[PDB]
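Chain naming here is simple, since letters A, B, ... match the order of the sequence lines and numbering starts at 1 in each. Reckoned from all heavy atoms, side chains included, excluding hydrogens, waters and symmetry mates.
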Amino acid sequence: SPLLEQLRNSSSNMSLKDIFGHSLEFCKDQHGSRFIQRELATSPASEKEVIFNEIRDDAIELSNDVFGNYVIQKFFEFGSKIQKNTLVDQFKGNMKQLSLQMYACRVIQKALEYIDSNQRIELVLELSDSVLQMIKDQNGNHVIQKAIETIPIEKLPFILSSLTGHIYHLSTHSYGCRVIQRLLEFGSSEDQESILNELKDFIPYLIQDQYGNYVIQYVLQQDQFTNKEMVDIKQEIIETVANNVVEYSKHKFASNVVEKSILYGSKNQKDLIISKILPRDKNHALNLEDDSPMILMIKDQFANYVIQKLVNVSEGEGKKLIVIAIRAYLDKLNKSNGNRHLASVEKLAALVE
RNA sequence: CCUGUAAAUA
């Protein structure tokens, strides 16, 4: 169409008043769309009204469109109350469907950010029986997370109530762990208790899972300002990591949990873990065996990071023994003859010097 | 080993 051509072969520019014929067709076009987005951020109310009153009947369709969905979003960002209310009233009865669409879910997500608190819950209530389905969906899990971020959890009882029995499963799912992380962050002390109870028998599996290990890390980085349940669970995580320090350190996923353990654990919790790897004295340190924790760790692709980490978080008396042991390991390999130049040794080398 | 993990748009 001619107007679209007058746009591209010119970018004395056009403005929103120039396209009163062809807004919908401008919105469904990539270039037309970026144009409208740009004008909406700086146009007076009158020009915004004219565009809106023209495309409003096709809001749902635009919400689903690859290029149009941004134009709908800009109306939540730069729109008037009257305009926002109108779009919301077109969403009523359609939450689930929109939330599952690849593009419209982005509009829904933007809307929750901008509409009034009552309209948020009003829309989200439509998902009250589809929560599990929403969390497993590639598009719906983000709407769920957004809902948790924008609405007070007291207004969202149906989220957790739909999850009980499924919490461990979800904590090892790709999307489930994100939601779980949000429920914990934004949940009441009781919600957190309900969640941590379904996990506290499975910390070993969680620590070594490709998704669950993030849930563990999130619990580890909490402070003792939190509830009675966090404190206890944070201890079982430390205790469990203590009992397995070496094997976890050599684990692709669990090695990250050991790092957070020693990074965010209390003075005692930390010493509990380090006392598993520390050479007994200045002598053991100078002459370690190839099967001592330290050495098994220095030589491992994942464990070397946990060693580096220990160097940093180490107190004077333990730090002392750790450094000398590392220095010693470089010597042996250095002298006797193939050449390695491994990055893990290079890293330990310099940071010691 | 120039060393190591997670989600839907132009």
### Message
Please check if the number of heavy atoms outside A:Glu5 that lie under 6.0 Å from its CD is greater than 12.
### Response
yes
### Query
In terms of heavy-atom contacts, does CD of A:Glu113 have more than 12 from other residues, nucleotides or ligands at under 6.0 Å?
yes
Can you tell me whether the side chain of [X] and the base of [N] have a donor-acceptor pair closer than 3.5 Å?
X	N	result
A:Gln101	B:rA8	no
A:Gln208	B:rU5	no
A:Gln37	B:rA10	yes

### Message
Please give me every residue in residues 213-222 of chain A whose heavy atoms get under 4.0 Å of an atom in RNA chain B, ordered by residue number.
### Response
A:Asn213, A:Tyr214, A:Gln217
### Summary
Within residues 241-259 of chain A, the residues having a heavy atom closer than 4.0 Å to RNA chain B are A:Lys252, A:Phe253, A:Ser255, A:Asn256, A:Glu259
#### Entry: A:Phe302 CZ to B:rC1 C1', straight-line distance once rounded to whole Å
11 Å
### Message
Under 4.0 Å, counting only non-hydrogen atoms across every strand here, what does A:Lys146 touch: a base, just sugar-phosphate, or nothing?
### Response
nothing
### Task
Check every strand shown and say whether A:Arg34 touches a base, only sugar-phosphate, or nothing at a heavy-atom separation below 4.0 Å.
base
ring centroid sep under 5.5 Å plus plane angle under 30, [X] with [N]:
X	N	result
A:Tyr70	B:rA10	yes
A:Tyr103	B:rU9	no
A:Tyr305	B:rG4	yes

Can a side-chain donor-acceptor contact be found between [Y] and [X] if the only test is distance below 3.5 angstrom?
X	Y	answer
A:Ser80	A:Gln83	yes
A:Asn213	A:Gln217	yes
A:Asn85	A:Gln119	yes

### Message
Does B:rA8 have its OP1 or OP2 closer than 4.0 Å to a side-chain nitrogen or oxygen of A:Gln138?
### Response
yes
#### Entry: Evaluation steps, salt bridge (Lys or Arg N to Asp or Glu O under 4.0 Å), between A:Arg182 and A:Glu149
CA-CA 8 Å; A:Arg182 286 287 186 258; A:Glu149 290 160 20; 2.6 Å; yes
### Query
Only one of A:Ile322, A:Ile326, A:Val258 forms a side chain to side chain contact (heavy atoms under 4.5 Å, CB included) with A:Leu310, so which one is it?
A:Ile322
